[PDB]
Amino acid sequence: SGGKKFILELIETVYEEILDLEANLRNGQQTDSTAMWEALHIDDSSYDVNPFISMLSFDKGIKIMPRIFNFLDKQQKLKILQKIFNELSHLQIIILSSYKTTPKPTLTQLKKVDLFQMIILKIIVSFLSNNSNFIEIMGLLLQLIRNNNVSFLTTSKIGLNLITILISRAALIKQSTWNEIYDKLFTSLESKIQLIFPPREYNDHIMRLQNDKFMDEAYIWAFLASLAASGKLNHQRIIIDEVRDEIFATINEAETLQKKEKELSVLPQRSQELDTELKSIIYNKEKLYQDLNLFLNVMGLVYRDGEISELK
């Protein structure tokens, strides 16, 4: 709770407040975002689940987020990011994007996940890059690690992608407290790193719904590239040991595509449809090499031409 009607009436209020601010601004009139900020209920603990968190369950709530950020200051935006991180596991979008809680998502559920990802992660990237200081990024990570089961978040594409954004920004911000925060994150992941890879039945289900024969796992390798990057030799050792089977599953998949390419390219007669198939195979074969190499290169390793070796 809730309830459903109350949250929908709250979104309508947010829409009304934003439209008044937008109208005032356009006409070059003085804007006051107090009524709008109060309509959000960020500083509200009167319910089991925070009303703003509940607003994010609805696509209409998600779509107005960039417009809300146009009328907020630095601290207000940070309060929003902190409420999101603090209650990540109680966000229905995380429950929908997790292969554990939602093993069979509907196409509608997948569209909601994708809408949320391109809107909410764009907002977070824009705020953290320009501009947020060390203490604030460290604070968001600690909020995420202390108020959530981190391994459950890594089973969700949004959860994993939110963690990658935070690690990658922290890695850029220092040219020693991060070293302690990173190890707290590593602690919560150790012996569960393989669980970031969804089971085959989940991937087969996502593929049927989108009519595709290849799963995009670039985000999984980007998370791993980031984690290995900020880790010491002992962390990299654990990562390699835990994801070893996934590295060899990706290589087998790429080598299967490499052989399909060679067998079809030798065919004397070639139509535009065989041309399309070969380009599709070449594209997917090269994508697997690139995704795995984003991770391996970080540890000075490279997959070429048929094996893994030290990067020159």
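Residue numbers here begin at 1 and follow the sequence given.
Unresolved deposited residues in the interval that joins residue 175 and residue 176:
Count of unmodelled residues in between: 10 or more.
Per the PDB record, is the mean Cα temperature factor higher over 230-238 or over 127-135?
Looking at the record's C-alpha B-factors, the answer is 127-135.
Look up the CA B-factors in the entry and say which stretch, 251-259 or 41-49, has the higher mean.
Per the deposited B-factors, the answer is 41-49.
Can you tell me which of 57, 70, 269, 276 has the highest Cα temperature factor in the record?
Across 57, 70, 269, 276, the entry lists the biggest C-alpha B-factor for 269.
Please say which third, lowest, middle or highest, residue 184 falls into when its CA temperature factor is compared across its chain.
Residue 184: CA B-factor falls in the middle third of its chain.
Would you mind checking where the Cα B-factor of residue 66 ranks among the modelled residues of its chain, as the lowest, middle or highest third?
Its C-alpha B-factor, which the entry lists for residue 66, ranks in the lowest third among residues of this chain.
Among all modelled residues of this chain, ranked by Cα B factor, put residue 9 in the bottom, middle or top third, i.e. lowest, middle or highest.
Residue 9: CA B-factor falls in the highest third of its chain.
Can you tell me which third, lowest, middle or highest, the CA B-factor of residue 201 falls into for its chain?
For residue 201, the deposited C-alpha B-factor lands in the middle third.
Could you place residue 158 in the lowest, middle or highest third of its chain by Cα temperature factor, using the values in the record?
Tercile = lowest for this residue's CA B-factor.
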